[PDB]
Amino acid sequence: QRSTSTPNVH
Amino acid sequence: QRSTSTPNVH
Amino acid sequence: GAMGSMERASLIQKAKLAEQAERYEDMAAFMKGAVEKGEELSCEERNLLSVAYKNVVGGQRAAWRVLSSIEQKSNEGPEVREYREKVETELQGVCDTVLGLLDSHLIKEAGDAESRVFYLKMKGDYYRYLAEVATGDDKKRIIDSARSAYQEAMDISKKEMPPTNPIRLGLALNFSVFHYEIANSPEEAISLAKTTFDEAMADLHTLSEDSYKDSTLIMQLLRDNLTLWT
Amino acid sequence: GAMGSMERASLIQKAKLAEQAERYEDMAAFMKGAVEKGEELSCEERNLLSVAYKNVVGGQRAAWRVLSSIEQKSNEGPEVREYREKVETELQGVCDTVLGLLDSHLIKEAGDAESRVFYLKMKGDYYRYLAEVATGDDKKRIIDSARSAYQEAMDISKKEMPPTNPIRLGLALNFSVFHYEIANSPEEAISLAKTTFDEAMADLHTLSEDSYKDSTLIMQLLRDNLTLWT
Ligand SMILES: *CC(=O)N1CC2(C1)CN(S(=O)(=O)c1ccc(Br)c(F)c1)CCO2
Ligand SMILES: *CC(=O)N1CC2(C1)CN(S(=O)(=O)c1ccc(Br)c(F)c1)CCO2
Ligand SMILES: [Cl-]
Ligand SMILES: [Cl-]
Ligand SMILES: [Mg+2]
Ligand SMILES: [Mg+2]
Ligand SMILES: [Mg+2]
Ligand SMILES: [Mg+2]
């Protein structure tokens, strides 16, 4: 599995 | 609600 | 064109890669280049062409509907109208590209019933998409061109295809949507959708091993529209 | 540029419409035009810029990963490599556009801590995206440029922001991903992510009324990466 980075929001 | 047309497939 | 130097088989192969990568503008560009080689498209290749352009124009139609709703609700600065017009022009350009490929390369008197019905169905669809955003003397020309293409397709499909054939079913589904949403003919739409479903059901044994899942999907969508419309 | 004749406020307004319509290439184009007016961007406008370009480059990264996996698995015609190179070049072009806007217009010595940390975080991210597809003497230059930008951002954020600030948290999250996925430093990544989560938790009372949902989201993502990494 791939690491999670900051997502899109708002 | 909107009518449904032929969808994308395959 | 930009694709003129690539071999037809490489263009098909890259359209399949673009589909896998969800790059539908690329995949439409590859398929247009393939069409421009001037050879017929197989069923599988017609599906690639269809999937690519439907994805492209579908995203533009969805965007146009959002902007149009924002626009109408602010009719209760020029920026909303300007941006809706921008997306509109782009959508029209894509429909013009598809309709040009159909007329220049794909629609003809020869070929099997599937190809002829499929391309005429396509022509009806992309005129219908133009009709969704049209207004003036453009709009009458467009709506009749859609109905005309759908009618040719219907005549051929009723003569040459079993009533469960998925192209014939999908064509009838899309013609009934034209009637309801574009032509203000709800009764024609319910009538066509009802006849189509009932006739497929009456000759259910004509389902094909290689496409019955598609057929039964469209008959369920005919039933959903009938439920919605009644 | 193509946007030079439009008023800044109209460009912002159209970026918001493009976001609503899920037209992220348009919305990136509008925000680039806004940036090119040469005035600072508010927090809300930085978010518009971020959302637009992240959506664009995210779709290209997803496509590149699909094509790269098809490519590697066929290393076990030239078409897969050619198309992966095409998507690669486009992704690089978008990262170059973002990194050029950061250097030409957005990164500076003045401004509040949020803006300075946010843009330096952005610079680290888009170098990291270039690093995901790089190979040669280009690749060393790129990886150090990413680490360098992230480090500047970290230094400022630790001095000027509370440990729950969502920009500081998102920066640390993204730096730890750099360590793990790009720099082959799992221990630095677990260390940074652990310190960041624990320090936010230790000073949980510094959560802000207007952004605590964002803060607590990033701390959960820090925890998810820690779980994945251990
Ligand atoms: C064999 C052939 O010519 N095909 C074109 C094809 C397969 C069919 N369509 S369609 O007729 O628009 C259609 C789409 C989706 C379903 Br579930 C269906 F039953 C028919 C589109 C392109 O693929
Ligand atoms: C106020 C400001 O400068 N902002 C930029 C902003 C809001 C924050 N980011 S971020 O720091 O990358 C980030 C993104 C998503 C979450 Br849940 C988060 F906590 C921080 C992106 C653009 O909006
Ligand atoms: Cl516009
Ligand atoms: Cl290519
Ligand atoms: Mg040759
Ligand atoms: Mg117009
Ligand atoms: Mg002025
Ligand atoms: Mg390259």
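We count from 1, first residue shown onward.
Each residue, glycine too, has its Cβ placed from N, Cα and C.
Noted from Swiss-Prot: of C:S10, C:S50, C:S104, the annotation phosphoserine belongs to C:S10. In the deposited coordinates, C:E76 and C:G77 are the last and first modelled residues around 6 missing ones; Cα to Cα they measure 14 Å. Candidate recorded positions C:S10, C:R61, C:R128 yield C:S10 as lying near chain D, with Cβ-Cβ distance under 8 angstroms. There are 25 other CB atoms within 10 A of the CB of C:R128 (site 'Interaction with phosphoserine on interacting protein'), with all protein chains counted.
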